[PDB]
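> the data below comprise the sequence and an experimental structure of the protein.
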Amino acid sequence: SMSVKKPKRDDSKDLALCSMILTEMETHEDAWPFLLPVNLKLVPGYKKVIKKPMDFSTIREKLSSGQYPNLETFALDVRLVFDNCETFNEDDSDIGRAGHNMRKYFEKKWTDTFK
């Protein structure tokens, strides 16, 4: 509350560390469905159904330009990529499987880097 703070967690490396995690997501072999925005002209249904499209390139641009206020807003966008993927793709599809795999990969890096 006012003049009453928990001890200050060192957040000075969060930016660099989120960048590293993102690099590792970018370079994973199953990243291909996620590297670029879904083409809303060429994919029937996407625009209407997925209210907040997100992809790794858009996360990278937001990261690089100080549009994440803290590491939680960064994780929210990464998770949004996978939540979108599950919303539109059957579990038993290459993309559906890609999304599950990438989510697992992300969540482990996240825990090991920060928790």
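Sure, I can see it. Residues are numbered from 1 along each chain as shown.
> who touches residue 15 in this structure?
Contact partners of residue 15, counting by CB atoms under 8 Å, 6 or more residues apart in numbering, are residue 63. In short, each C-beta sits where N, CA and C put it, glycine included.
> and residue 28, by the same measure?
102, 105.
> residue 102 - how many residues pack around it?
One way to gauge burial is a neighbour count; for residue 102, by other CB atoms under 10 Å, it gives 21.
> that one is in contact with residue 30, isn't it?
Yes. Under the criterion of CB atoms under 8 Å, residue 102 makes contact with residue 30 at 5.8 Å.
> any idea which residue is closest to the centre of this protein?
residue 78 (1.2 Å; CA atoms, centre = their mean).
> helices and strands around the strand or helix carrying it, which ones?
Element membership for residue 78, per DSSP states H and E: helix 71-88. Counting contacts by 3 or more CB pairs under 8 Å, 6 or more residues apart in numbering; DSSP states H and E, helix 71-88 is packed against helix 14-27, helix 46-49, helix 56-64, helix 94-114.
> buried residues in the second one?
Residues of helix 46-49 classed as buried under the neighbour-count rule (16 or more other CB atoms under 10 Å) are residue 46.
> same question, stretch 68-79
68, 71, 74, 75, 77, 78.
> ok, now how distant is the first one from residue 61?
The reference is to residue 68. In this structure, residue 68 and residue 61 are 11 Å apart, going by CB to CB, to the nearest Å.
> what of residue 112?
Residue 112 is 25 Å from residue 61, by CB to CB.
> residue 77 now?
Summarising the geometry, the distance separating residue 77 from residue 61, computed by CB to CB, is 11 Å.
> give me the number of residues near residue 12?
Using other CB under 10 Å, residue 12 is surrounded by 7 other residues.
> how about it, what does it touch?
Shown in contact with residue 12 (CB under 8 Å, 6+ apart): no residues.
> which SSE is it in?
Remark: residue 12 resides in no helix or strand, with elements defined by DSSP H and E.
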